[PDB]
Structures are given as C-alpha cells and as structure tokens.
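Student:
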Amino acid sequence: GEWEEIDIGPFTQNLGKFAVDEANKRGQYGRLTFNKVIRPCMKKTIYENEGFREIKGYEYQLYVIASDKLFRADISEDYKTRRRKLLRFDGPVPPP
Numbered sequence: 049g050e051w052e053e054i055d056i057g058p059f060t061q062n063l064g065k066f067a068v069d070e071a072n073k074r075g076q077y078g079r080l081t082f083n084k085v086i087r088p089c090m091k092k093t094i095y096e097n098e099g100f101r102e103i104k105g106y107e108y109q110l111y112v113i114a115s116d117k118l119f120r121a122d123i124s125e126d127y128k129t130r131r132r133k134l135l136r137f138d139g140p141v142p143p144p
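Position 12 of the sequence shown, counting from 1, maps to 60 under my numbering, and the rest follow consecutively.
(1) Taking the alpha-carbon positions, what's the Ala114 to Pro144 distance?
(2) Assuming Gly64 is part of the alpha helix (DSSP H), what are its boundary residues?
(3) Quick check on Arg132: buried or exposed, where buried means 16 or more other Cβ atoms within 10 Å of its Cβ?
(4) One question on the structure: do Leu63 and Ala71 come within less than 8 Å of each other, judged by their Cβ atoms?
(5) Could you check what DSSP says for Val112 in three-state terms: helix, strand or coil?
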C-alpha cells in the first residue's frame with residue numbers, strides 16, 4: 049500500500065471539493081470556498097488483508113486551495129461503496 053501520485057483532474061478536484069464541503073460542516077476552519085486541488089495529489093490503496101489484493105479502500109492526500117488558503121486534506125474512500133470520509137483537514141500548510 050504505497051502512495052501513488054495521481055492527477056489533479058476533475059476526479060481529484062471533486063475530492064478537494066468533498067474535503068472543503070466536509071471542512072465547512074465541521075466548522076473548525078471557518079467558511080471556506082473551494083478553489084482548486086493543486087499537485088501533488090497522492091493516493092494509497094488499503095487492502096482488506098495483508099498479503100491479499102482485495103482492496104478495502106483508498107486514502108488520498110490532497111492540497112486544496114479554499115478561500116485563498118492552502119489546506120492538506122486526507123480523505124478515505126471505501127472501495128465497495130465509494131463512501132468518502134474527511135480524515136484530516138489541516139492548514140494553512142506550506143506549499144508542497
């Protein structure tokens with residue numbers, strides 16, 4: 049389950065928007081206007097069982113610009129349901 053760099057196309061932008069949507073609901077970072085996900089976007093595969101390839105889900109690490117501030121968002125994504133959870137939302141963070 050190593051981290052892999054993915055693109056910052058619409059799918060990744062939609063992940064950043066999910067993160068900002070979730071940050072907004074949590075109310076710990078004020079009101080944020082999603083702008084964009086910038087590189088690098090990283091994805092890790094979570095396996096159901098060590099030694100087996102069945103995928104349990106993914107974790108993403110995103111650098112998201114919201115309200116002109118840079119945040120680092122970590123998002124989990126269940127493989128079967130594609131249900132996402134904002135695990136961590138930190139910042140403003142250093143440019144990557």
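Note that CB positions come from ideal geometry on N, CA and C, so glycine has one too.
Tutor: So, from the data block:
(1) The sequence position of residue 114 within the sequence shown is 66, counting from 1. The sequence position of residue 144 within the sequence shown is 96, counting from 1. Across the structure, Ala114 and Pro144 are spaced so that their CA atoms are roughly 15 Å apart.
(2) Locating residue 64 in the sequence shown gives position 16, where the first residue counts as 1. Start and end: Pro58 to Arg74.
(3) Here the question's residue 132 lines up with position 84 in the sequence shown. Counting Cβ neighbours within 10 Å, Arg132 comes out buried, since at least 16 surround it.
(4) Counted from its first residue, the sequence shown places residue 63 at position 15. Counted from its first residue, the sequence shown places residue 71 at position 23. No. Outside cutoff.
(5) Stepping through the sequence shown from its first residue, residue 112 is reached at position 64. Three-state DSSP puts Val112 in a strand.
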